[PDB]
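Okay, upload_7.cif is below, mmCIF, C-alpha atoms:
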```cif
data_coords
#
loop_
_atom_site.label_atom_id
_atom_site.label_comp_id
_atom_site.auth_asym_id
_atom_site.auth_seq_id
_atom_site.Cartn_x
_atom_site.Cartn_y
_atom_site.Cartn_z
CA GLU R 18 49.69 -67.57 -69.97
CA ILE R 19 49.09 -64.28 -68.20
CA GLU R 20 50.41 -62.13 -71.06
CA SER R 21 47.42 -63.16 -73.17
CA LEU R 22 45.03 -61.94 -70.46
CA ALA R 23 46.98 -58.68 -70.16
CA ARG R 24 46.80 -58.06 -73.91
CA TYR R 25 43.10 -58.86 -73.79
CA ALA R 26 42.70 -56.37 -70.94
CA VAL R 27 44.47 -53.62 -72.85
CA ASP R 28 42.56 -54.52 -76.02
CA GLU R 29 39.21 -54.37 -74.20
CA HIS R 30 40.15 -51.13 -72.49
CA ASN R 31 41.22 -49.62 -75.82
CA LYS R 32 38.00 -50.78 -77.52
CA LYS R 33 35.94 -49.16 -74.76
CA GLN R 34 37.28 -45.62 -75.07
CA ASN R 35 39.04 -45.72 -78.48
CA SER R 36 42.49 -45.34 -76.92
CA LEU R 37 45.71 -46.94 -78.21
CA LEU R 38 47.53 -48.02 -75.11
CA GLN R 39 50.41 -50.11 -76.43
CA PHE R 40 51.01 -53.10 -74.16
CA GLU R 41 54.63 -53.45 -73.07
CA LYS R 42 54.86 -56.15 -70.39
CA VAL R 43 53.34 -57.71 -67.29
CA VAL R 44 55.05 -56.54 -64.11
CA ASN R 45 53.31 -58.87 -61.64
CA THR R 46 50.03 -60.76 -61.26
CA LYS R 47 48.06 -61.52 -58.12
CA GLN R 48 45.31 -64.05 -58.38
CA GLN R 49 42.14 -64.57 -56.41
CA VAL R 50 39.93 -67.64 -56.44
CA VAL R 51 36.40 -66.65 -57.43
CA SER R 52 33.61 -68.36 -55.48
CA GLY R 53 30.15 -67.83 -54.06
CA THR R 54 26.82 -67.27 -55.78
CA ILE R 55 25.40 -64.68 -58.16
CA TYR R 56 21.67 -64.18 -57.56
CA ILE R 57 19.81 -62.79 -60.56
CA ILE R 58 16.82 -61.29 -58.76
CA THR R 59 13.69 -60.10 -60.56
CA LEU R 60 11.91 -57.78 -58.16
CA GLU R 61 9.09 -55.24 -57.97
CA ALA R 62 9.75 -51.76 -56.65
CA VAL R 63 7.78 -48.53 -56.66
CA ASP R 64 9.31 -45.50 -58.39
CA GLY R 65 7.60 -42.14 -58.01
CA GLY R 66 4.32 -43.87 -57.26
CA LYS R 67 4.41 -46.38 -60.12
CA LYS R 68 5.28 -50.05 -59.62
CA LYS R 69 8.05 -51.28 -61.90
CA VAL R 70 10.08 -54.45 -62.38
CA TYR R 71 13.86 -54.55 -62.03
CA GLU R 72 16.63 -57.11 -62.35
CA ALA R 73 19.45 -57.07 -59.79
CA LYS R 74 22.57 -59.25 -59.87
CA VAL R 75 24.03 -59.66 -56.38
CA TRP R 76 27.22 -61.64 -55.62
CA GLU R 77 27.28 -63.33 -52.22
CA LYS R 78 29.98 -65.15 -50.25
CA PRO R 79 27.95 -65.78 -47.10
CA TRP R 80 30.67 -67.56 -45.09
CA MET R 81 32.57 -64.25 -45.34
CA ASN R 82 29.52 -62.01 -44.76
CA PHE R 83 30.31 -60.58 -48.21
CA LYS R 84 27.82 -59.24 -50.74
CA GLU R 85 28.22 -56.94 -53.72
CA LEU R 86 25.75 -55.48 -56.21
CA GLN R 87 27.00 -56.25 -59.73
CA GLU R 88 24.21 -54.93 -61.94
CA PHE R 89 20.80 -53.31 -61.57
CA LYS R 90 18.46 -52.51 -64.46
CA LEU R 91 14.88 -51.61 -65.21
CA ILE R 92 12.86 -54.33 -66.89
CA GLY R 93 9.66 -52.36 -67.30
CA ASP R 94 6.42 -51.10 -65.84
CA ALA R 95 4.09 -53.34 -63.94
CA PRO R 96 0.56 -53.44 -65.43
CA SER R 97 -1.53 -50.27 -65.13
CA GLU J 18 17.03 -65.33 -47.48
CA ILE J 19 16.81 -63.75 -50.91
CA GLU J 20 14.64 -60.82 -49.80
CA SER J 21 17.58 -59.45 -47.80
CA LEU J 22 19.77 -59.47 -50.93
CA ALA J 23 17.00 -57.78 -52.91
CA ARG J 24 16.61 -55.03 -50.32
CA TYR J 25 20.37 -54.62 -50.31
CA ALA J 26 20.32 -54.35 -54.10
CA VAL J 27 17.64 -51.67 -54.05
CA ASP J 28 19.40 -49.88 -51.18
CA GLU J 29 22.73 -49.88 -53.06
CA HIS J 30 21.06 -48.76 -56.27
CA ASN J 31 19.27 -45.95 -54.41
CA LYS J 32 22.49 -44.87 -52.68
CA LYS J 33 24.26 -44.70 -56.06
CA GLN J 34 21.92 -42.27 -57.79
CA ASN J 35 19.93 -40.82 -54.85
CA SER J 36 16.70 -42.47 -55.96
CA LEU J 37 13.98 -43.83 -53.66
CA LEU J 38 12.87 -47.02 -55.31
CA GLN J 39 10.61 -48.64 -52.71
CA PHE J 40 11.14 -52.40 -52.67
CA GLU J 41 7.90 -54.36 -52.97
CA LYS J 42 8.73 -58.06 -53.46
CA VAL J 43 10.94 -60.63 -55.14
CA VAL J 44 9.30 -62.16 -58.21
CA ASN J 45 11.88 -64.86 -58.94
CA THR J 46 15.58 -65.54 -58.45
CA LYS J 47 18.00 -67.42 -60.69
CA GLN J 48 21.33 -68.35 -59.24
CA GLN J 49 24.69 -69.00 -60.81
CA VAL J 50 27.69 -70.62 -59.18
CA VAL J 51 30.65 -68.26 -59.33
CA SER J 52 34.00 -69.89 -60.13
CA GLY J 53 37.28 -69.34 -61.93
CA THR J 54 40.11 -66.92 -61.23
CA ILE J 55 40.47 -63.14 -61.03
CA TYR J 56 43.93 -62.05 -62.17
CA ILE J 57 45.00 -58.67 -60.80
CA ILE J 58 47.58 -57.75 -63.43
CA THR J 59 50.03 -54.88 -63.02
CA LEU J 60 51.29 -54.06 -66.50
CA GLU J 61 53.25 -51.46 -68.45
CA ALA J 62 51.74 -49.84 -71.52
CA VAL J 63 52.67 -46.84 -73.64
CA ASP J 64 50.16 -44.00 -73.93
CA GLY J 65 50.84 -41.22 -76.41
CA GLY J 66 54.55 -42.00 -76.30
CA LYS J 67 54.90 -42.19 -72.50
CA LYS J 68 55.20 -45.48 -70.63
CA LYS J 69 52.69 -45.84 -67.80
CA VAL J 70 51.64 -48.51 -65.32
CA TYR J 71 48.11 -49.90 -65.15
CA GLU J 72 46.19 -52.43 -63.10
CA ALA J 73 43.74 -54.76 -64.88
CA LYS J 74 41.40 -57.24 -63.20
CA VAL J 75 40.49 -60.07 -65.58
CA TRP J 76 38.11 -62.93 -64.68
CA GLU J 77 38.88 -66.24 -66.37
CA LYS J 78 37.04 -69.56 -66.57
CA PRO J 79 39.47 -71.33 -68.91
CA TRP J 80 37.60 -74.65 -69.17
CA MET J 81 34.81 -72.58 -70.76
CA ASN J 82 37.11 -70.37 -72.86
CA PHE J 83 35.60 -67.47 -70.90
CA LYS J 84 37.32 -64.23 -69.93
CA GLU J 85 35.97 -60.84 -68.91
CA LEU J 86 37.65 -57.55 -68.04
CA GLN J 87 36.33 -56.38 -64.66
CA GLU J 88 38.38 -53.26 -63.97
CA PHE J 89 41.19 -51.28 -65.57
CA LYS J 90 42.90 -48.27 -63.99
CA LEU J 91 45.96 -46.10 -64.29
CA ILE J 92 48.50 -46.54 -61.52
CA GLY J 93 50.93 -43.89 -62.70
CA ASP J 94 53.80 -42.88 -64.93
CA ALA J 95 56.86 -45.01 -65.34
CA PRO J 96 60.10 -43.16 -64.45
CA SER J 97 61.19 -40.37 -66.79
#
```
For the file at hand, write its structure as structure tokens.
Amino acid sequence: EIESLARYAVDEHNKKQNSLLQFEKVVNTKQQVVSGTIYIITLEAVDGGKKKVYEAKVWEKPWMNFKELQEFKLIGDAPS
Amino acid sequence: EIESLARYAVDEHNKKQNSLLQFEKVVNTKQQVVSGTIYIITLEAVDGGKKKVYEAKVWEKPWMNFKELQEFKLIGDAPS
């Protein structure tokens, strides 16, 4: 059950930074139901005088007045 | 509607790196329903011979065989 997710977490953490944390045991797990919407927004914005295109991923739970930026990247220049 | 989330995204991005991207417009939005469970796992793992305590946040959508590590941090040393 949860031990598999904990080993995965350690494995992924180790793979990220080339560490060798050696999983021992789960102490306790809390769990949170995940809900709401992710908006994958393609948008235009001007950067130093040049218009460019970006992609933003924003998580919203509007009934809670909650929003959180998840990811934001440059797509490329708008046409010259 | 979506323009507010796009301005928030640009605002949060700007606040992160002290840039002044100037939002122009939304081109298109895709949206994805967010579901599944986040497990906040407190676990013990050994690092260079010393047992320590970590917190991992793992998102699971088991009906899709999906899992994703969201966050992983050191809590502290186990007792000496």
Residues matched by the PyMOL selection byres ((chain J) within 6 of (chain R)) as a PyMOL selection string: chain J and resi 26+38-64+86
State, in Å with one decimal place, the distance from atom CA of residue 34 of chain J to atom CA of residue 92 of chain R.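 Separation of atom CA of residue 34 of chain J and atom CA of residue 92 of chain R: 17.6 Å.
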Report, in Å with one decimal, the straight-line distance from atom CA of residue 31 of chain R to atom CA of residue 93 of chain J.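 Interatomic distance here is 17.3 Å.
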